[PDB]
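J.: Below you'll find query09.txt; it's compact mmCIF, C-alpha atoms.
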# COMPACT_ATOMS: atom_id res chain seq x y z
CA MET A 33 48.48 77.83 165.36
CA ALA A 34 50.09 81.11 164.31
CA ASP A 35 52.51 82.66 166.74
CA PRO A 36 50.96 85.58 168.69
CA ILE A 37 53.68 87.88 167.29
CA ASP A 38 52.52 87.24 163.72
CA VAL A 39 48.84 87.47 164.69
CA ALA A 40 49.58 90.84 166.32
CA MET A 41 51.50 92.15 163.30
CA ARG A 42 48.52 91.24 161.12
CA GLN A 43 46.20 93.19 163.41
CA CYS A 44 48.75 96.02 163.53
CA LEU A 45 48.95 96.30 159.70
CA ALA A 46 45.16 96.75 159.71
CA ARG A 47 45.25 99.69 162.18
CA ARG A 48 43.74 102.99 161.05
CA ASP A 49 46.79 104.80 162.40
CA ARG A 50 49.23 102.46 160.60
CA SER A 51 47.94 102.62 157.00
CA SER A 52 50.81 104.81 155.77
CA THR A 53 54.01 103.21 154.46
CA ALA A 54 55.83 104.38 157.59
CA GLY A 55 53.08 102.76 159.66
CA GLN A 56 53.30 99.44 157.82
CA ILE A 57 57.08 99.41 158.29
CA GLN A 58 56.65 100.28 161.95
CA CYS A 59 54.36 97.28 162.43
CA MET A 60 57.04 95.09 160.86
CA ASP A 61 59.78 96.66 162.94
CA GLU A 62 57.74 96.02 166.11
CA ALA A 63 57.26 92.38 165.06
CA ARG A 64 60.99 92.07 164.42
CA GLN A 65 61.83 93.36 167.89
CA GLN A 66 59.37 90.89 169.43
CA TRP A 67 60.93 88.05 167.43
CA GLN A 68 64.34 89.16 168.70
CA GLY A 69 63.01 88.73 172.22
CA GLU A 70 61.99 85.20 171.30
CA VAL A 71 65.48 84.55 169.93
CA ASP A 72 66.98 85.55 173.26
CA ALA A 73 64.46 83.56 175.31
CA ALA A 74 64.68 80.42 173.19
CA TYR A 75 68.47 80.65 173.29
CA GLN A 76 68.30 80.87 177.09
CA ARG A 77 66.05 77.80 177.43
CA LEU A 78 68.36 75.92 175.07
CA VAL A 79 71.49 76.74 177.07
CA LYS A 80 69.78 75.59 180.28
CA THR A 81 68.33 72.33 178.92
CA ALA A 82 70.69 71.05 176.25
CA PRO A 83 73.33 68.39 176.89
CA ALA A 84 76.84 69.78 177.18
CA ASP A 85 78.04 69.03 173.63
CA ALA A 86 74.97 70.54 171.98
CA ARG A 87 75.00 73.48 174.39
CA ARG A 88 78.54 74.53 173.41
CA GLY A 89 77.67 73.88 169.77
CA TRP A 90 74.61 76.13 169.89
CA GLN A 91 76.54 78.76 171.85
CA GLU A 92 79.04 78.77 169.01
CA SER A 93 76.24 79.02 166.44
CA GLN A 94 74.75 82.04 168.22
CA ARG A 95 78.08 83.85 168.38
CA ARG A 96 78.38 83.24 164.62
CA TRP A 97 74.78 84.25 163.97
CA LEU A 98 75.22 87.58 165.75
CA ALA A 99 78.43 88.37 163.85
CA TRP A 100 76.74 87.59 160.54
CA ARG A 101 73.70 89.73 161.40
CA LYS A 102 75.97 92.68 162.27
CA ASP A 103 77.65 92.71 158.85
CA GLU A 104 74.57 91.65 156.89
CA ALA A 105 72.95 94.93 158.00
CA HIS A 106 75.75 96.75 156.15
CA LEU A 107 75.02 94.66 153.05
CA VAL A 108 71.30 95.38 153.28
CA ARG A 109 72.00 99.11 153.45
CA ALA A 110 74.48 99.06 150.57
CA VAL A 111 71.94 97.31 148.34
CA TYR A 112 68.87 99.36 149.20
CA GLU A 113 70.51 102.78 149.31
CA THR A 114 70.82 102.45 145.52
CA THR A 115 66.99 102.12 145.26
CA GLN A 116 64.01 104.47 145.48
CA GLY A 117 60.37 103.99 146.30
CA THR A 118 58.21 102.42 148.95
CA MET A 119 58.17 98.99 147.23
CA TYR A 120 61.87 98.74 148.01
CA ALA A 121 61.45 100.24 151.48
CA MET A 122 58.94 97.47 152.26
CA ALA A 123 61.17 94.74 150.84
CA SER A 124 64.04 96.05 152.95
CA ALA A 125 61.90 95.96 156.11
CA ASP A 126 60.83 92.37 155.39
CA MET A 127 64.53 91.55 154.78
CA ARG A 128 65.24 92.65 158.34
CA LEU A 129 62.24 90.85 159.88
CA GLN A 130 62.34 87.33 158.43
CA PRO A 131 65.86 86.22 159.56
CA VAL A 132 65.08 87.14 163.16
CA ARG A 133 61.84 85.19 163.00
CA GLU A 134 63.74 82.30 161.37
CA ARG A 135 66.44 82.25 164.04
CA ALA A 136 63.81 82.22 166.80
CA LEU A 137 61.96 79.23 165.33
CA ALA A 138 65.16 77.20 164.91
CA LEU A 139 66.20 77.85 168.51
CA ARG A 140 62.68 76.98 169.67
CA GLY A 141 62.67 73.72 167.74
CA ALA A 142 65.97 72.65 169.29
CA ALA A 143 65.06 73.69 172.83
CA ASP A 144 61.76 71.81 172.53
CA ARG A 145 63.50 68.69 171.23
CA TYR A 146 66.12 68.77 174.01
CA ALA A 147 63.42 69.30 176.67
CA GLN A 148 61.63 65.96 176.21
CA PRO A 149 62.86 62.51 177.28
CA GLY A 150 65.43 60.93 175.00
CA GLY A 151 65.66 63.77 172.49
CA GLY A 152 68.91 65.13 173.92
CA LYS A 153 70.66 62.06 172.51
CA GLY A 154 72.40 62.37 169.15
CA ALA A 155 72.20 66.15 169.47
CA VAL A 156 75.65 66.58 167.85
CA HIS A 157 76.50 64.53 164.77
CA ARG A 158 79.39 64.25 162.33
CA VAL A 159 79.66 66.63 159.38
CA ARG A 160 79.45 64.93 156.04
CA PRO A 161 80.64 66.93 153.02
CA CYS A 162 77.92 68.92 151.30
CA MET A 163 78.77 67.27 148.01
CA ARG A 164 77.53 63.84 149.14
CA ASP A 165 74.00 65.27 149.16
CA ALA A 166 72.68 66.38 145.76
CA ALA A 167 70.20 68.67 147.59
CA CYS A 168 73.06 70.43 149.40
CA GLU A 169 75.20 70.56 146.25
CA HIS A 170 72.39 72.09 144.17
CA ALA A 171 71.64 74.74 146.82
CA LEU A 172 75.34 75.60 147.11
CA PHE A 173 75.58 75.83 143.32
CA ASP A 174 72.68 78.30 143.21
CA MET A 175 74.07 80.32 146.10
CA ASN A 176 77.44 80.87 144.45
CA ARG A 177 75.68 81.62 141.16
CA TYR A 178 73.58 84.38 142.69
CA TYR A 179 76.53 85.52 144.83
CA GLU A 180 78.59 86.11 141.70
CA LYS A 181 75.71 87.77 139.83
CA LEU A 182 75.17 90.10 142.82
CA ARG A 183 78.86 90.87 143.25
CA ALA A 184 79.12 91.89 139.59
CA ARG A 185 76.02 94.14 139.71
CA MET A 186 77.08 96.05 142.84
CA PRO A 187 78.98 99.33 143.03
CA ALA A 188 82.69 98.68 143.52
CA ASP A 189 82.65 100.50 146.87
CA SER A 190 80.28 98.05 148.58
CA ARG A 191 81.62 94.75 147.20
CA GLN A 192 83.67 94.30 150.36
CA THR A 193 80.46 94.38 152.43
CA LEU A 194 79.08 91.46 150.40
CA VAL A 195 82.38 89.56 150.83
CA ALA A 196 82.38 90.22 154.57
CA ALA A 197 78.69 89.40 155.13
CA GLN A 198 78.86 86.20 153.09
CA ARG A 199 82.00 84.99 154.88
CA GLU A 200 80.32 85.35 158.25
CA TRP A 201 77.14 83.74 156.96
CA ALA A 202 79.20 80.70 155.88
CA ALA A 203 80.90 80.49 159.27
CA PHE A 204 77.41 80.59 160.83
CA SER A 205 76.24 77.88 158.42
CA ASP A 206 79.22 75.71 159.36
CA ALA A 207 78.51 76.10 163.08
CA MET A 208 74.98 74.78 162.48
CA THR A 209 75.75 71.69 160.38
CA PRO A 210 76.52 69.40 163.38
CA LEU A 211 73.37 70.58 165.22
CA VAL A 212 70.56 70.25 162.63
CA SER A 213 69.27 67.66 160.18
CA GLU A 214 70.55 67.39 156.63
CA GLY A 215 67.24 68.84 155.45
CA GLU A 216 67.64 71.91 157.67
CA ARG A 217 71.23 72.24 156.47
CA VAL A 218 69.88 72.42 152.90
CA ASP A 219 67.19 74.93 153.91
CA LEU A 220 69.78 77.21 155.54
CA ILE A 221 71.55 77.40 152.17
CA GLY A 222 68.28 77.75 150.25
CA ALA A 223 67.33 80.70 152.46
CA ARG A 224 70.65 82.38 151.68
CA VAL A 225 70.08 81.65 147.95
CA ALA A 226 66.78 83.57 148.10
CA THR A 227 68.36 86.56 149.85
CA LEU A 228 71.22 86.81 147.33
CA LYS A 229 68.81 86.38 144.41
CA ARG A 230 66.61 89.22 145.63
CA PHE A 231 69.69 91.39 146.14
CA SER A 232 70.85 90.63 142.61
CA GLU A 233 67.46 91.77 141.28
CA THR A 234 67.47 94.87 143.47
CA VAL A 235 70.91 96.49 143.51
CA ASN A 236 71.38 99.34 141.03
CA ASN A 237 74.92 100.18 139.92
Once more with this new file: its structure as structure tokens, please.
T.:
Amino acid sequence: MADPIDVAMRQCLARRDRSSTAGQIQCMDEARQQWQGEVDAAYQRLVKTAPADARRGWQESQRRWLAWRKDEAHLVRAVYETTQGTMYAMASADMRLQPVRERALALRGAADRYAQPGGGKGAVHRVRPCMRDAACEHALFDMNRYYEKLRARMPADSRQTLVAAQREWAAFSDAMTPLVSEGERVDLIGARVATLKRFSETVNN
């Protein structure tokens, strides 16, 4: 079943008074704010129900997530201020929406797993090097490939915002590795690959 937030956004995008580009973006911005409320609520359930080791681990991940989001907004602006047109304005709005949605669903999945009998066990596990897992190694390889392509295509002024955003993303990624499955670890990297790839196809020097 679709989440009511996404059902509502769908209905919103169909509104007579939201057909303009500003109206479409406003629907997405309203959805993003609602997803941010679900981030905060799922994080609160998690802190109240998780075992102590996982609780501190997730608290660390959220501190790192927030710091990344703060600087990633600067990177989003630096990329899209070199663009023109409503296709790019829409892409930028979706850029802002999806990571909030993603963070909410991850927190929800953990809080649901910790809430049932047994599931709290094994919440924190040891960190194996990414290079043992060909899936992780391939995703990392692509990430650094698109990172370098993006860095080279950006105006010299904003390169420091990519450096800063990516560094805090990686610290967020590291905080998450002990708390999620190897598959989710790979998907965290794959999601960052897709963001950097889109940036590299968008920024205009």
J.: From the set A:216, A:104, A:92, A:126, which residue has the shortest atom-to-atom contact distance to residue 64 of chain A, counting all atoms listed in the file?
T.: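 For residue 64 of chain A, the nearest of the candidates is A:126.
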J.: Which of these residues is nearest to residue 68 of chain A, using only C-alpha atoms: A:137, A:46, A:119, A:39?
T.: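 Distance minimum relative to residue 68 of chain A lands on A:137.
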J.: Go through A:63, A:53, A:171, A:159 and flag the residue nearest residue 40 of chain A, using all atoms listed in the file for the distances.
T.: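 Counting all atoms listed in the file, the residue closest to residue 40 of chain A is A:63.
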J.: Taking into account all atoms listed in the file, which residue in the set A:44, A:129, A:162, A:98 is nearest to residue 66 of chain A?
T.: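 Among A:44, A:129, A:162, A:98, it is A:129 that comes nearest to residue 66 of chain A.
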J.: Find the residue from A:135, A:181, A:102, A:96 that sits nearest to residue 202 of chain A; use all atoms listed in the file when measuring.
T.: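 Among the listed residues, the smallest separation from residue 202 of chain A belongs to A:96.
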J.: Give me, as a ChimeraX atom specification, all polymer residues having an atom no more than 12 Å from segment 183-191 of chain A, counting only C-alpha atoms and skipping those fewer than 6 positions away in the same chain.
T.: /A:103-104,106-114,175-177,197-198,228-229,231-237
J.: Just the number, please: distance in Å from atom CA of residue 100 of chain A to atom CA of residue 204 of chain A, one decimal.
T.: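 Between these atoms lies a distance of 7.0 Å.
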J.: Just the number, please: distance in Å from atom CA of residue 133 of chain A to atom CA of residue 212 of chain A, one decimal.
T.: 17.3 Å
J.: Quote the spacing between atom CA of residue 81 of chain A and atom CA of residue 146 of chain A in Å to one decimal place.
T.: 6.5 Å
